[PDB]
């Protein structure tokens, strides 16, 4: 039952990549992934399964292998019954093949092959999930220069499968897409765009279990990822100490070479694609790294995996844990402030927040910031420094002094007349 993924890795100098971590009925973590000796298309990809036992990743079981065919990404995860699903596209044919296991990785059975039909290919990718009576494996497809996002579905526990809901069909090459039931009909999705270049991930939402979809635009935070290459998004659902739900997005930035997460209030995500929080690095991701996946414990505790290259032809799985702390129920942008002014922030909360923090920085993208508390200094006349705070059932209001921060009276960081700032930026956080 408890887990510890800090520092854990599966690495045997293969090219192990493109897979999913999930958890077995018996609480054991496992990985299903493509094991190969190259990444190039038409190389030696086989679908394999490894279980984490005693802190050691097991010698992998072969799920599916065919000379001379090349299995690509491995999609799947654990169904409600405890059956495991693994699905992978055969590079040579564009067909998706689906395997299941009822003994938890020991034996595998081929259940289904999806033919291309008129499509150039169907590409299986990502964590599979339950939607009502249906279990879903996400696919992306191209047909010349039309592109589609689709679900491959089973309503009988994996015995039979079929093309189902269609999420997108258009001229934009959306591909690797993570879907998160959030639920009672609501499904959120975040998609890689083409090569990933451009600094954007696309956000879609359905309110009817995949029946219909709205394109909500690009995932948007105050401080983005420039035009960086962004790939393989993955999503998790958590809720706070008092029941507030948030969505957590992991993604890999191949320009800065880091895997990051950001969060958003589910309420905001339902409303649109803006309101995501600041990026937090959870792992270095050199070169062609990572392809994240998560298991969540206690509605609170994210266990993660990505893949990382040690060279252009070798890679392994590296696990980690995400420590979210207490996610604010309300959080402002960094916003500009001036002296002797009044700032009024609608908090949008079900009750007045019992806790509030106000912080100060000299830009809206700071690397350091100060806690704002109402002080005083004297420069010839009497002056307040910082902010007083009023809380109520609608608003947080801030009243700034002659300086919005700083006094000159405190060592190192506030030790001269020059640290008395008449202007800058505040950020307000509030917790119910």
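Residue numbers count along the first chain shown, from 1.
Higher mean CA temperature factor, per the PDB entry, when comparing 24-32 with 393-401: 24-32.
Stretch comparison (63-71 versus 366-374) by mean CA B-factor in the PDB entry places 63-71 on top. Taking the deposited Cα B-factors for 327, 167, 269, 356, the highest one is held by 167.
Across 121, 179, 204, 360, the greatest Cα temperature factor reported in the deposited entry is at 121. Ranked within its chain, residue 55 lands in the middle third, by CA B factor from the PDB record. The entry lists a Cα temperature factor for residue 40 that places it in the highest third of the chain's modelled residues.
Ranked against the other modelled residues of its chain, the C-alpha B-factor of residue 236 as given in the entry falls in the lowest third. Placement of the Cα temperature factor of residue 412 within the chain: lowest third of the modelled residues, per the deposited record. When the CA B factors of the chain's modelled residues are split into thirds, the value for residue 242 lands in the lowest one.
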